[PDB]
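Asks: Protein chains in written order, with the working numbering: chain A, 9 to 194; chain B, 10 to 88; chain C, 279 to 364; chain D, 727 to 845; chain E, 595 to 1257; chain F, 1408 to 1538.
Note that beta-carbon positions come from the ideal geometry of N, C-alpha and C, so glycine has one too.
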Amino acid sequence: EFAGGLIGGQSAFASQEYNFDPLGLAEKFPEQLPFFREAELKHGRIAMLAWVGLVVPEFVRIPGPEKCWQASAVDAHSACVXXXXXXXXXXXXXXXXXXXXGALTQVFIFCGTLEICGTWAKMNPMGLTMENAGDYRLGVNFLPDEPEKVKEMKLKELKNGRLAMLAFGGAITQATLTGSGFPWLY
Amino acid sequence: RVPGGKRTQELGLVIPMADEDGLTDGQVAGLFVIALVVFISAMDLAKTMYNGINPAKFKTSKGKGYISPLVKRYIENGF
Amino acid sequence: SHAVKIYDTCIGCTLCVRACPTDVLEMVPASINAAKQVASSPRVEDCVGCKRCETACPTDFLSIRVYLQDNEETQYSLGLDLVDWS
Amino acid sequence: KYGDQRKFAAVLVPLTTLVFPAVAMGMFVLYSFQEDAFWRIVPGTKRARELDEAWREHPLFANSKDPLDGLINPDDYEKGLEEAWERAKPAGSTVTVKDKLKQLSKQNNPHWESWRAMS
Amino acid sequence: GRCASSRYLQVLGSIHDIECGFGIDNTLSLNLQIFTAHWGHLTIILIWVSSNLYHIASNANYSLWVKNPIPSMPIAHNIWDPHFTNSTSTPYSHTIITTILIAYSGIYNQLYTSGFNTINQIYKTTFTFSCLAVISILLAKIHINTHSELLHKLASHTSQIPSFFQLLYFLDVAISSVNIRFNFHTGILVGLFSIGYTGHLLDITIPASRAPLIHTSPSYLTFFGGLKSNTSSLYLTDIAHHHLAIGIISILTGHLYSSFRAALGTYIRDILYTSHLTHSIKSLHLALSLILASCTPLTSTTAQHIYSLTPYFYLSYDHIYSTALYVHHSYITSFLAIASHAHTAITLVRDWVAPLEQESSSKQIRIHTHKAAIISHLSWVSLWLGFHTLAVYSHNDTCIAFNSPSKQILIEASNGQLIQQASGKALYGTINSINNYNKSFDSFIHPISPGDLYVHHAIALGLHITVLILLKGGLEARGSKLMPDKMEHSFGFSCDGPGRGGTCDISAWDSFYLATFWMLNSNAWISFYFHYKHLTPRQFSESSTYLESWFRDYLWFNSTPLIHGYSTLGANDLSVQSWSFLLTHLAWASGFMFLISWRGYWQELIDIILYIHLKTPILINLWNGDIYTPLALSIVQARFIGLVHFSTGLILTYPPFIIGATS
Amino acid sequence: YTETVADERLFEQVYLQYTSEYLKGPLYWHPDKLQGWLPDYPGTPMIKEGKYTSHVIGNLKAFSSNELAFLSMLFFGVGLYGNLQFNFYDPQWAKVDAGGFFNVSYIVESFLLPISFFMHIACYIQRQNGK
Ligand code: CLA
Ligand code: CLA
Ligand code: CLA
Ligand SMILES: CC(=O)O[C@H]1CC(C)(C)C(=C=C/C(C)=C/C=C/C(C)=C/C=C/C=C(C)/C=C/C=C(C)/C=C/[C@@]23O[C@]2(C)C[C@@H](O)CC3(C)C)[C@](C)(O)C1
Ligand SMILES: CC1=C(C#C/C(C)=C/C=C/C(C)=C/C=C/C=C(C)/C=C/C=C(C)/C=C/[C@@]23O[C@]2(C)C[C@@H](O)CC3(C)C)C(C)(C)C[C@H](O)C1
Ligand code: SF4
Ligand code: SF4
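Here it is, written out as structure tokens:
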């Protein structure tokens, strides 16, 4: 069985299986395949949200700390974190800014808390397997009750995630190279 | 002070003494309270180490024991 | 009390029995040597521990071995004279 | 003044270097005459017997002192040993495995741990 | 029947030998007792730290020493002794003021470097460390209860199958687990402790050493070198960066073994099984031996590098701190070094299972196969070093007594000089490629002379002989040609009788007893070398190739201030030093009789004395001797007591000399 | 028949030969037979036939010998390049001394030399087992 029987390896021309793995990592690391699918789904979801929030600020910009909330999508990370002391280290000597402190570290700490009580709580305490890889039981009531419908919905999630990962890479690289608007072209 | 040794006399090394008290009596008493706590706890620990483990507690002691869920994992993870 | 053990390599010298100053050892009949006799230590409670038996034993390594047990000493194993423990 | 801590010293030094040491020595010589004295290193104390029996009462440590503990199916082991000895038994030898093991387990050492008779 | 007077010595000789306990029946009890003892010992250490901090806070002058550290002297604690003169003034007090003692530990520089400025901070630190002692004792109680609760949970435990008894081996998996312990030690206890100390330095130590600066920016991590000019110590920025680097490296290393999950990390057993090891890692004596052998290089390098590269403020400016610290840590590491071998011998006696006769698989097996070759070659190198060091020293002594200093044999220390030249070229290349050059390294490289070569050969001789005695004891602990049953007996036992040639000092413990004298002698040589080179580098460089120089220009000459301490002319503040000097001489000589005179003489003497007591009118009607029968000390107890007296005398005779010579 | 010493020795030999084979089996359960003790872990035999089994190299057990050889040589080249370009050619010490920063590529690469050593060890181990 290819890659422990995970959704995502089936071709689209049907009657065929893309089972894309030129490096053969699925057979080299079968004990970390659930972690591989966890990472793939996490990257896909983060990249979907990242592409959406790479397009949107070109139109609407939340009015806030003017130090951030300004500039191109490229100059929006190092600007919305400011000259932190070393890296993601709050300046306790001068909280309330007045020189150097973060503006996203709140997003960072929220992501850390959610991740620890999310993936870490799923793996360390009293358990992830092949089937429950990306399944955090979030919005499963919306999932249809049919064996193939769930499988095709998961496949659509996976393929949208891969497309969003590649799309975000291309979009951010083009924006860095050129600037410009949504087309991200010279 | 009457110094001894060649270097103290030939260099003028001196030992200053504070004219104040150092610690007030209240601070010494505050330290002695926690020292007494250490002392009581250490006497209890010495008693427990002297008597050692009692395996026959399961015949008389209440409860049913407990193995923490991580201790079970550490048991079955290996040695 | 010490522990005096006799091993199969005994050849019935009787020298160990003769050297014992407190009559700990004795000769018993056996069939494992040409002498048809081996030593025995039926009264090691009287073994002071002088190890004269080990000095007298001529086998390659002593057929009689005395194991000292200092946390075990009795009045007989200490040779107490001025003091009685009974 | 730099002194005024000697008010603590004049009580503590005599106390902890005379009263406590003397009380400790008297308590130690009193403890030396208890039947429980040095029960962990001195053989033949009552508490040592009680502790050993308490360990033996635990279901895990019942057959803990037996050097042969571990044989999951001792009957299978004994049967296999008897079968292996039958094919190697010398000529008309009259020794069986059962009595051979029984007489190899029974030695004659009366003066071993005889200190388990006072406490 | 009951016991004799030797019961006290017999009990106290194994008072902490938890393996020899009578109630202890399993590794669970042994491991839990050891863990609780560890907790109590940590509590003792914390209370000792709080003690020093309190006495510096209360009975001391830290607030004044911090202002002018170079010429000032710290105070250890007050003197309250009713035996002094209630009149006049002692030489340890400024007339009517209280009596004080000068601290030679070095805690003042430690606290000053760490960022302490006020007495109040030291008081709060004392309170916190007493709190930590409470916490440690409570953790001991907690773990005793948790293990007893597991034991009680065996009242609701059964596998429904005969394999349930397997749980017997996993009850102490909390203590006996190795992979988790290694992972968490090397990661947390080493790397993250270093990283936390880097944080401490960046937040306090560097801020409280210079003018106010930026918000602890990454410019606080420097790569200067050593010996900041003003304080004559390492740069605090360099120390913080060093701890940061060590912390990062050890944190990365700590993810090696399979600690919490079975899917990450390699097992230590599999690591050893595919190497030249695969030892019995379940032995507690083996682990103790190989970690004592780890604290030994650490403590020896601590002694070397506290002096060579002084890390504390104004530590090099104290002529007594620098020698006392070095000698103290050298003695500590010598004790740990001999401990490693002693517990290796105990491991071989008690906790080592060997193949039948020929299976050369275990490392100890392969060592034991050719142990005679090891001991013979160690004896050869020891003999060579002793012969050729003593003979050259004798040549120098004789030819310099005969008015011929130029007839000496002075081998120039060429190899050490080459190593020093290479290191100096490397350091100078480092310095020359700096825009902030003109740095100093203090005594990292020192002038090396023929006297240095001879003393190094003497030190190598001492180390070789100590290792020879210890290694012979370890290898023949399980049986030698003289006594081919030594593993049937205890680790320490009296002898094997006067027959078979005579068998005094035959146990492995007797090998340790013999080796402790050589450990003390080698440490004395090392300490004499360091102290002599510290007192006068020039005179050591020239006149130290003949032993008469060591006897005269060091011992006889430098003992002048100490003996003059108390005399019929008045007393100095060295009076305690001279009195302790004489007391330690008495202690050293008192242990000679426990070593030279042996038991039987004294047993007859005790029989005569007991005859007197049972013959004295009143005593006989109150005390017949049947209860606690007085007996002469047993042979092993006698050897140990003589060794203790000898060690105490030899060790404690030196600090008075150090204080008299340097202060 | 009487039990001669030779017959007793024969019983000793028979008993030892039988029991030494029996105790290796699943029916003796000694603490020295636990995981982490003498016996190998259940699914991970380390040494068989006097040869390092494929399970020694851990997660690399599935790698081919050619893949490990290529990785070994590539890592050796990259790590040696990093070490030589950090120490002797293109030194970074002067650049970082004046307030600069290390060429992070050199630092990352230089750690691939011992990795390459163990990678080529693993390549040989894989080749021996025919993988
Ligand atoms: C300096 C080392 C030293 C010392 C102190 C002693 C002391 C002694 N030896 Mg001895 N001995 C030594 C080395 C020494 N030996 C050596 C190297 C050998 C070579 C083998 C011998 C061989 C030897 C033999 C063969 C004999 C002795 C005997 C004696 C005893 C007779 C002297 C006596 O009773 O005085 C009293 C003891 C003193 C130490 C005098 C000083 C006492 C102090 C200063 C006063 C009390 C202090 C005070 C109470 C403090 C309290 C303690 C504190 C904890 C509170 C005595 C206990 C003989 C004996 O026991 O016969 C009676 C005997 O037969 N010795
Ligand atoms: C990977 C996702 C991601 C990341 C890292 C960022 C990061 C950033 N965004 Mg952004 N954004 C995103 C997605 C993301 N965005 C999406 C999906 C939208 C569309 C609503 C926007 C719309 C948006 C605007 C309008 C602006 C930013 C801005 C910024 C910058 C300042 C931070 C801020 O306040 O954002 C604000 C972001 C939001 C209010 C949208 C949050 C939506 C999150 C991603 C969904 C919640 C995820 C949660 C963990 C899952 C549970 C909920 C789920 C059921 C949906 C920062 C670089 C500001 C800036 O300076 O731009 C240059 C700004 O003005 N973003
Ligand atoms: C035939 C004489 C002879 C020979 C060839 C050797 C050879 C050896 N001995 Mg040696 N030894 C000898 C006599 C001899 N020994 C005597 C008489 C003693 C008693 C003092 C020793 C005591 C001794 C010790 C304690 C050690 C050796 C060791 C060694 C070995 C290393 C070399 C060494 O240390 O030499 C140095 C030799 C000495 C220090 C001993 C003194 C040399 C004697 C005086 C020479 C006598 C020669 C003899 C008089 C010739 C007469 C010839 C005539 C009758 C025709 C080497 C195999 C060492 C070893 O085992 O390491 C591998 C070691 O540790 N030997
Ligand atoms: C209680 C509760 O809540 O339950 C929850 C459960 C759950 C599951 C969390 C939920 C959900 C689902 C969610 C939130 C789904 C969101 C999905 C998103 C945002 C997908 C974006 C994909 C973007 C792509 C593919 C971009 C593709 C972009 C491409 C290909 C770009 C292509 C470009 O060529 C173009 C077009 C321009 C060129 O210049 C270059 C580039 C950029 C490459 C619910 C509904 O909330 C309910
Ligand atoms: C830049 C910047 C920042 C940033 C950033 C970020 C997030 C940068 C992210 C970069 C990122 C995310 C880059 C992804 C690349 C993905 C690639 C190359 C995929 C190739 C995929 C290929 C070539 C696929 C090929 C195939 O399809 C082919 C042709 C046939 C198919 O049958 C099969 C396959 C699959 C084989 C900071 C640091 C945050 C702040 C700073 O201030 C500004
Ligand atoms: S001396 Fe030895 S060999 Fe002779 S009879 Fe006695 S025990 Fe046997
Ligand atoms: S040690 Fe002495 S008393 Fe004991 S059996 Fe031998 S000879 Fe007899």
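#1: Taking 8 Å as the CB-CB limit, is residue 1441 (chain F) close to chain B?
#2: Kindly provide the ranges of any alpha helix (DSSP H) runs that are 4 or more residues long and lie completely inside the region 1007-1034 of chain E, ordered along the chain.
#3: 8 Å is my cut-off, CB to CB: does residue 1466 (chain F) come that close to chain A?
#4: Output yes if chain E places a C-beta closer than 8 Å to the C-beta of residue 1501 (chain F); else output no.
#5: For residue 593 (chain E), name the three-state secondary structure that DSSP assigns.
#6: Does ligand 5 have even one heavy atom less than 7 Å from the beta-carbon of residue 180 (chain A)?
#7: Can the beta-carbon of residue 708 (chain E) be found closer than 8 Å to that of residue 810 (chain E)?
#8: Identify every residue that forms a DSSP beta bridge with residue 1223 (chain E).
#9: Ligand 5 heavy atoms versus the CB of residue 174 (chain A): any closer than 7 Å?
#10: Identify whether residue 914 (chain E) lies in helix, strand or coil by the three-state DSSP scheme.
#11: Can the beta-carbon of residue 1540 (chain F) be found less than 8 Å from the beta-carbon of residue 1492 (chain F)?
#12: Quick one: which residues of the region 70-86 of chain B get their C-beta closer than 9 Å to a C-beta of chain E? List them in chain order.
#13: Less than 8 Å between CB atoms is the rule here; does residue 658 (chain E) satisfy it with respect to chain B?
#14: I want to see whether chain E comes within less than 8 Å of residue 38 (chain B), judged by CB atoms only; does it?
#15: Find the residues of chain F that neighbour residue 35 (chain A), judging by a C-beta separation of less than 7 Å, and give them in chain order.
#16: Does the beta carbon of residue 57 (chain A) fall short of 7 Å from some heavy atom of ligand 4?
#17: Measuring only between beta-carbons, confirm whether residue 332 (chain C) sits less than 8 Å from chain E.
#18: With 16 other CB atoms within 10 Å as the buried threshold, where does residue 1102 (chain E) fall?
#19: How far does the beta strand (DSSP E) with residue 318 (chain C) in it extend, from its first residue to its last?
#20: Within 7 Å: the Cβ of residue 152 (chain A) and any heavy atom of ligand 4?
#21: Please report how far the alpha carbon of residue 1057 (chain E) lies from the alpha carbon of residue 958 (chain E), in whole angstroms.
#22: Any heavy atom of ligand 7 closer than 7 Å to the beta-carbon of residue 297 (chain C)?
#23: With burial defined as no fewer than 16 other Cβ atoms inside 10 Å of the residue's Cβ, what is the status of residue 627 (chain E): buried or exposed?
#24: Within 7 Å: the Cβ of residue 334 (chain C) and any heavy atom of ligand 6?
#25: Between the Cα of residue 132 (chain A) and those of E:868, E:858, E:1123, spot the shortest distance and give me the residue it belongs to.
#26: Quick one: grab the DSSP three-state call for residue 283 (chain C).
#27: In angstroms, rounded to a whole number, what distance separates the CA positions of residue 1194 (chain E) and residue 1228 (chain E)?
#28: Does residue 64 (chain B) come within less than 8 Å of chain D when only Cβ atoms are used?
#29: Which residues does DSSP pair with residue 307 (chain C) in a beta bridge?
#30: For residue 706 (chain E), tell me which candidate among E:600, E:805, E:1002, E:660 has the shortest Cα-Cα distance.
#31: Could you spell out the range, first to last residue, of the beta strand (DSSP E) harbouring residue 694 (chain E)?
#32: Have a look at residue 46 (chain B) and residue 731 (chain E) and give me their C-alpha separation to the nearest angstrom.
#33: Tell me, please, whether the CB atom of residue 804 (chain D) is closer than 8 Å to any CB atom in chain B?
#34: On the DSSP bridge list, what partners appear for residue 1098 (chain E)?
#35: Among all the DSSP beta bridges, which residues are the ones paired with residue 345 (chain C)?
#36: Taking beta-carbon pairs under 7 Å, can you tell me which members of the region 614-633 of chain E lie near chain D?
Replies: On the basis of the data shown:
#1: The residue you call residue 1441 (chain F) lines up with position 34 of the sixth sequence. Yes, contact with chain B.
#2: 1008-1026
#3: Translated into positions along the sixth sequence, residue 1466 (chain F) becomes position 59. Taking Cβ atoms only, chain A reaches closer than 8 Å to residue 1466 (chain F), which makes this a yes.
#4: For the purposes of this step, residue 1501 (chain F) is taken as the residue at position 94 of the sixth sequence. Cβ-Cβ to chain E under 8 Å: yes for residue 1501 (chain F).
#5: No answer is possible for residue 593 (chain E): it lies beyond the span of chain E, which begins at 595 and ends at 1257.
#6: On the first sequence, position 172 is the one that residue 180 (chain A) refers to. Yes, Cβ of residue 180 (chain A) sits closer than 7 Å to a heavy atom of ligand 5.
#7: Along the fifth sequence, read from residue 1 onward, the residue named residue 708 (chain E) stands at position 114. Along the fifth sequence, read from residue 1 onward, the residue named residue 810 (chain E) stands at position 216. No, these two residues do not count as a Cβ contact at 8 Å.
#8: Mapped onto the fifth sequence, residue 1223 (chain E) falls at position 629. Paired residue(s): E:598.
#9: On the first sequence, position 166 is the one that residue 174 (chain A) refers to. Yes - ligand 5 has a heavy atom lying nearer than 7 Å to the Cβ of residue 174 (chain A).
#10: Your numbering for residue 914 (chain E) matches position 320 in the fifth sequence. The answer is coil: DSSP assigns residue 914 (chain E) none of H, G, I, E or B.
#11: Beyond the ends of chain F as shown, which are 1408 and 1538, falls residue 1540 (chain F); an answer cannot be given.
#12: 70, 72, 73, 74, 75, 76, 77, 79, 80, 82, 83, 84, 85, 86
#13: Here residue 658 (chain E) refers to the residue found at position 64 of the fifth sequence. Residue 658 (chain E) counts as touching chain B.
#14: Translated into the one-based positions of the second sequence, residue 38 (chain B) becomes position 29. Output row for residue 38 (chain B): interface = no.
#15: The count along the first sequence starts at 1 and reaches residue 35 (chain A) at position 27. Here the neighbours are 1469.
#16: Start at 1 with the first residue of the first sequence, and residue 57 (chain A) comes out as number 49. Result yes, Cβ under 7 Å from ligand 4.
#17: As a working note, residue 332 (chain C) is residue 54 in the third sequence. Output row for residue 332 (chain C): interface = yes.
#18: As a first step, residue 1102 (chain E) is located in the fifth sequence; it is residue number 508 there, counting from the start. Under this definition residue 1102 (chain E) is a buried residue.
#19: Locating residue 318 (chain C) in the third sequence gives position 40, counting from the first residue. Taken as a continuous stretch (DSSP letters only), the beta strand (DSSP E) holding residue 318 (chain C) covers 315-318.
#20: Mapped onto the first sequence, residue 152 (chain A) falls at position 144. Checking every heavy atom of ligand 4 against the Cβ of residue 152 (chain A), none is found closer than 7 Å.
#21: Residue 1057 (chain E) sits at position 463 when you count from the first residue of the fifth sequence. Residue 958 (chain E) sits at position 364 when you count from the first residue of the fifth sequence. Spanning the two alpha carbons is a distance of roughly 22 Å.
#22: One-based indexing of the third sequence puts residue 297 (chain C) at position 19. True, at least one ligand heavy atom lies under 7 Å from that Cβ.
#23: For the purposes of this step, residue 627 (chain E) is identified with residue 33 of the fifth sequence, where counting begins at 1. That one is buried.
#24: On the third sequence, residue 334 (chain C) is found 56 positions in, with the first residue counted as 1. Within the cutoff, so yes.
#25: Taking the first sequence and counting its residues from 1, the one referred to as residue 132 (chain A) is at position 124. Nearest C-alpha to residue 132 (chain A): E:858.
#26: In the third sequence, residue 283 (chain C) corresponds to position 5, counting from 1. Strand, per DSSP.
#27: As a working note, residue 1194 (chain E) is residue 600 in the fifth sequence. As a working note, residue 1228 (chain E) is residue 634 in the fifth sequence. Computed Cα separation, rounded: 9 Å.
#28: Taking the first residue of the second sequence as position 1, residue 64 (chain B) is located at position 55. Judged by the 8 Å Cβ criterion, residue 64 (chain B) is in contact with chain D.
#29: Mapped onto the third sequence, residue 307 (chain C) falls at position 29. Looking at the DSSP assignment, residue 307 (chain C) forms a beta bridge with C:315.
#30: The sequence position of residue 706 (chain E) within the fifth sequence is 112, counting from 1. The candidate whose alpha carbon is nearest that of residue 706 (chain E) is E:660.
#31: Here residue 694 (chain E) refers to the residue found at position 100 when the fifth sequence is read from its first residue. First-last of the beta strand (DSSP E) with residue 694 (chain E): 693-696.
#32: For the purposes of this step, residue 46 (chain B) is taken as residue 37 along the second sequence, with counting starting at 1. For the purposes of this step, residue 731 (chain E) is taken as residue 137 along the fifth sequence, with counting starting at 1. Their Cα atoms are separated by approximately 10 Å.
#33: Locating residue 804 (chain D) in the fourth sequence gives position 78, where the first residue counts as 1. False, the Cβ-Cβ gap to chain B never drops below 8 Å.
#34: As a position in the fifth sequence, residue 1098 (chain E) is number 504, starting the count at 1. The partner list for residue 1098 (chain E) (beta bridge, DSSP) reads E:1089.
#35: The residue you call residue 345 (chain C) lines up with position 67 of the third sequence. For residue 345 (chain C), which the question treats as bridged, DSSP gives the partners C:281.
#36: 614, 615, 616, 617, 619, 620
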